[PDB]
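Residue numbers (the authors' numbering), protein chains in the order written: chain G, 2 to 78; chain A, 287 to 446. The beta carbon of each residue, even a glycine, is placed where N, CA and C say it ideally should be.
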Amino acid sequence: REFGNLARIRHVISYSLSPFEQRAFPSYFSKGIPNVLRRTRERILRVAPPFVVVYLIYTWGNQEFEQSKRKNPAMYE
Amino acid sequence: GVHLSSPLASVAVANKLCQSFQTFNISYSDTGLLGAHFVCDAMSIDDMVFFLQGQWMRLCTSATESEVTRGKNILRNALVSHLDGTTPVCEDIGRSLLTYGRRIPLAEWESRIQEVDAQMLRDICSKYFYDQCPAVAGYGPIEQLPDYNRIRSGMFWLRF
């Protein structure tokens, strides 16, 4: 339940420093930009095609609604 | 038993917290490690860290004259008991000439001990303990041993 009897971990060594001794933003841009680009490249082909077909359906529906509100020139008489 | 003068050991025997603890002051050329080391069960590490940090900051803030003179008497007895014996006397001579460059007599040690009082103790403890980043070494079932953020947050108080 609490800390102490959660998991069984053996032979694992963890290394940590002080927050007051290490930087809060260590290479925030020079490493942040490639990481964000890599994450976007990894998960861009699962979200963008549904959102683009949403955009296409939205434009098609608005356009054909405007065309349905348009006057058909078949009723000249 | 429960009648031990030191509050950390009194709390340990009252709550059955630890198997053992000790305070150490290891010194090297203009550096050192000042702290404590405890052997305890996996279900009491957080409590021992909390109580040890509380005792450290009690010495930092409100150390009193009775425990100051108790610690002074303990230090006098420890120094003389260590310097009783030819082998520890020779060890002290060699180590003193290698580190200090001279053999400090027990009279000078006692003079420094008498110079130590309560205000000096809390000032030096606030200089070397209060709001300082520690070094933590855990081995074994140390899952309940708190992270560095909680250890540092115990290494200060919000009420001084």
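Starting from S306 (chain A) and walking both ways along the beta strand (DSSP E), at which residues does that stretch end? Against the second sequence, residue 306 (chain A) aligns to sequence position 20. Taken as a continuous stretch (DSSP letters only), the beta strand (DSSP E) holding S306 (chain A) covers 304-314.
Taking a Cβ distance cut-off of 7 Å, strictly less, list which residues of the region 313-330 of chain A are near chain G, in chain order. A328, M329
Figure out for me which residue from A:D403, A:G440, A:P391 has the closest Cα to the Cα of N359 (chain A). Within the second sequence, the letter at position 73 stands for residue 359 (chain A). The candidate whose alpha carbon is nearest that of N359 (chain A) is A:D403.
Does the CB of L38 (chain G) have a neighbour CB from chain A at under 8 Å? Counting from one through the first sequence, the residue named residue 38 (chain G) turns up at place 37. By this cut-off, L38 (chain G) is not an interface position.
Report yes or no: is there a C-beta of chain A within less than 8 Å of the C-beta of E22 (chain G)? Within the first sequence, residue 22 (chain G) is the residue found at index 21, counting from 1. Chain A contact via Cβ: present.
Which residue comes first and which comes last in the beta strand (DSSP E) that contains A322 (chain A)? Mapped onto the second sequence, residue 322 (chain A) falls at position 36. It spans 317-326 - the beta strand (DSSP E) in which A322 (chain A) sits, taken as one unbroken run.
Does the CB of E396 (chain A) have a neighbour CB from chain G at under 8 Å? Within the second sequence, numbered from 1, the residue matching residue 396 (chain A) stands at position 110. No, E396 (chain A) does not count as interfacial toward chain G.
With a cut-off of 8 Å on the beta carbons, I'd call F307 (chain A) and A298 (chain A) a contact; round off their distance for me. Taking the first residue of the second sequence as 1, we reach residue 307 (chain A) at position 21. Taking the first residue of the second sequence as 1, we reach residue 298 (chain A) at position 12. Sure, about 7 Å apart at Cβ, within 8 Å.
Could you tell me whether any Cβ in chain A is nearer than 8 Å to the Cβ of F26 (chain G)? Position 25 of the first sequence, counted from the start, is the residue given in the question as residue 26 (chain G). Not an interface residue.
With three or more beta-carbon pairs closer than 8 Å as the criterion, would you say the region 327-335 of chain A touches the region 419-435 of chain A? yes
From the DSSP output, in three-state form, read off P374 (chain A) for me. For this step, residue 374 (chain A) is matched to residue 88 along the second sequence. Helix, per DSSP.
Can you list the residues of chain G that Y416 (chain A) reaches, using a CB-CB cut of under 8 Å? For this step, residue 416 (chain A) is matched to residue 130 along the second sequence. Within 8 Å Cβ-Cβ: nothing; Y416 (chain A) doesn't reach chain G, min ~14 Å.
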